[PDB]
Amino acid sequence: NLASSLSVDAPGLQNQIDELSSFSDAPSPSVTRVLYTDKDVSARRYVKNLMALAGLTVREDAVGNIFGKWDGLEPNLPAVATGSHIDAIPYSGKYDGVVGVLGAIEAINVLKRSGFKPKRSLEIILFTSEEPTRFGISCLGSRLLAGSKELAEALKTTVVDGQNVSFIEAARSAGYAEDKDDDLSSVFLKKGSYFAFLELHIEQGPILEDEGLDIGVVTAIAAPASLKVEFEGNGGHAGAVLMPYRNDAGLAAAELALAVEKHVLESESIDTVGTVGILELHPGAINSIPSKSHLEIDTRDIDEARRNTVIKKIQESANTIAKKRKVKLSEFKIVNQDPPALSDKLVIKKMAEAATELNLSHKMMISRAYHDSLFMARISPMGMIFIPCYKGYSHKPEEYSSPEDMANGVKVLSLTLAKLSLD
């Protein structure tokens, strides 16, 4: 049957993972690859070439989401879509995102080798960017596909990066958003344009590995939020300004970072997380008392209300700390505060059937990380396939998924796409 016929070029896929990792601003084994930079442009060209070699019809939208379609026997029907991202945060790994892009192309090649003939077309999406590194905006491509007018407006009017380069200027340097007449609504997909959307991804947790399982059938994605906070004080000379006269913006930031941890732990649930991954001091000189501090805070929970309580407490603490330290709370901005997504029950059923037919052990589980799937779920029924990764490591160069684990994920993706194409 179809399932028994599926065969993946596992070393070939690994070779592509390694080749793509060369497009990096960080030295190997780390990867850094940021939206619209030269390394991103090179990586896009590499992927588009692989899509062409796979016989896919390739197109791009106004912000650089890339689509590669295998036309079905009934091409007017909403297609079955799959895909992921290839951007990488600073000093991260080679597998996050990339497995779901290169692996989706491999799933096409696998199905073609088996002589599968899709009824509904299959389409691979390379999302233009999923990581928030450049503009503070996660899932930039999929948020637009899912029809965010607010985001489209912001991208055209106010959005800039840390070097004051605008979104539009960055896009144009990479070959996109050239048309002046587009408010970016051209990117929006109407609800139902895809029959379903699937994303293959490394688990980014140790559960499948610890339990000895091959496949996670993802049932939900946890609710993510992020915040930016700034404090301002008077600054001055570190040697000469006596302690009673200070209002140290760095100490306010230190206290807020510890308050974030405290409020997360106060939830009493191990599913709650919060992190201060960015903490910058100005002027940032050893002998200058910080007059401005800038924090960026990530916080999430599978339970939206429980997460929101953490956010409320963080704002309360920022105000309490500012008053105590006698500094100005000059910025407190919630950058995003998004609900969780639920995978579609029929997609879940088909995925689990596919794993069973392939003799692959599996469990149903939640995603802690967010993904493009979070926003694609607003447009069509969604599911995700998790594969194991070594010790759950992710967002660091120790991240690793074996050729066998990737091949298993590709087989499940191939078979689930096939099932949905004939639905």
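We number the residues from 1 along the sequence you see.
- When the C-alpha B-factors of 130 to 138 and 196 to 204 are averaged, 130 to 138 comes out higher.
- Comparing 387 to 395 with 53 to 61, the higher mean C-alpha B-factor in the PDB entry belongs to 53 to 61.
- The top Cα temperature factor in the record, among 187, 251, 89, 111, falls on 187.
- Each of 257, 285, 81, 168 has a CA temperature factor in the record; the biggest one is found at 168.
- When the modelled residues of the chain are ordered by their C-alpha B factor, residue 152 lands in the highest third.
- Ranked against the other modelled residues of its chain, the C-alpha B-factor of residue 32 as given in the entry falls in the middle third.
- Sort the chain's modelled residues by C-alpha temperature factor and residue 44 lands in the highest third, per the entry.
- In the PDB entry, residue 359 places in the highest third of its chain by CA B-factor.
- Ranked within its chain, residue 235 lands in the middle third, by CA B factor from the PDB record.
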